[PDB]
Structures are given as C-alpha cells and as structure tokens.
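K.L.:
here is the sequence, then the experimental structure:
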Amino acid sequence: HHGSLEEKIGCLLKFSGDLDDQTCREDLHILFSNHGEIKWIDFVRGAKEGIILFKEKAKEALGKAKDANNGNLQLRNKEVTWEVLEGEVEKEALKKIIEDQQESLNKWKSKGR
C-alpha cells in the first residue's frame, strides 16, 4: 500500500502565558519568517492567550520554531508559548479564526456575484 489518507489537517496553533497589549502582529509575524510565516492572528480582548494560523502551516512553523529551543514557542520571542491543539480542538479554533477575519475585512458591493 504505502499511502496515507487518514486526512489530518491542522494549520493553526495557539499560545498562552505572558501576553503583550502593545506589541503588534506585524513584528511577531515577521519573526516566524524563514520557517513558516504567519497568515493571521486572532486574539480575544481580555483573553489569556491567542491563536495564529500560518500561510504554510502553524503546526509546522510553530512546532518547528517552537522546537528551535525547548519545544514550546513563546509569542513575541518572550511572551506566550504556542502548541498545536488536537484534530477536534485544533479545528474548533480554525473555524472561529475564519469567521473572525471575515468580519474584520468586511465586503462592499451588494451587486450580486
């Protein structure tokens, strides 16, 4: 056989711990470059952590960059540690991340299509 079809996607990772309030996503998103760039970050006001899906794979850039040292990646290089959730928990956040960005971008047309 030699073939994998189990179907297990997970391009979103989350981090929790010391979180900053002024830092910006542009600064941390650039740090994950050269090893998985960030595609989007969803943080809830008053939350204790945050999730970030990458353009190539959060589990890849997060577990790869998270592994670069101890195995837990910190956010902003000294703030929150991120770890990929499970198929059930990783997906629950993946869907919420889409609904959050869909409302942040908004659409102006009403023409149809």
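P.N.:
That came in fine, so what should we check first? Residues are numbered from 1 along each chain as shown.

K.L.:
for residue 113, see how far away the most centrally placed residue in the chain is.
P.N.:
Here the mean C-alpha position of the chain is nearest to the C-alpha of residue 52 (Cα atoms, centre = their mean), at a distance of 1.7 Å. In this view, residue 52 and residue 113 are 30 Å apart by Cβ to Cβ, to the nearest Å. Using the backbone N, CA and C atoms, a C-beta is placed for each residue, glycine as well.

K.L.:
with residue 89 instead?
P.N.:
Distance, residue 89 to residue 113, using Cβ to Cβ: 35 Å.

K.L.:
neighbour count: these two, which is higher?
P.N.:
Regarding residue 89 and residue 113, a neighbour count based on other Cβ atoms under 10 Å identifies residue 89 as having more, with 12 against 3.

K.L.:
packing partners of whichever strand or helix holds the more buried one?
P.N.:
Under the assignment given by DSSP states H and E, the secondary-structure element containing residue 89 is helix 87-105. When contacts are defined as 3 or more Cβ pairs under 8 Å, 6 or more residues apart in numbering; DSSP states H and E, helix 87-105 packs onto strand 12-17, strand 38-42, strand 49-54.

K.L.:
and the closest residue in space to residue 79 that isn't next to it in sequence, what does it touch?
P.N.:
Across the structure, with Cβ to Cβ, 6 or more residues apart in numbering as the measure, the residue nearest residue 79 apart from its sequence neighbours is residue 18 (4.8 Å). For residue 18, the residues meeting the contact criterion (Cβ atoms under 8 Å, 6 or more residues apart in numbering) are 74, 78-80.

K.L.:
measure residue 18 to residue 76 for me?
P.N.:
Distance check for residue 18 against residue 76: by Cβ to Cβ, it reads 9 Å.

K.L.:
and if you look at residue 7?
P.N.:
In this structure, residue 7 lies at 33 Å from residue 76, with Cβ to Cβ as the measure.

K.L.:
neighbour count winner among those two?
P.N.:
With neighbours defined as other Cβ under 10 Å, residue 7 and residue 76 compare such that residue 76 has more, 16 against 6.
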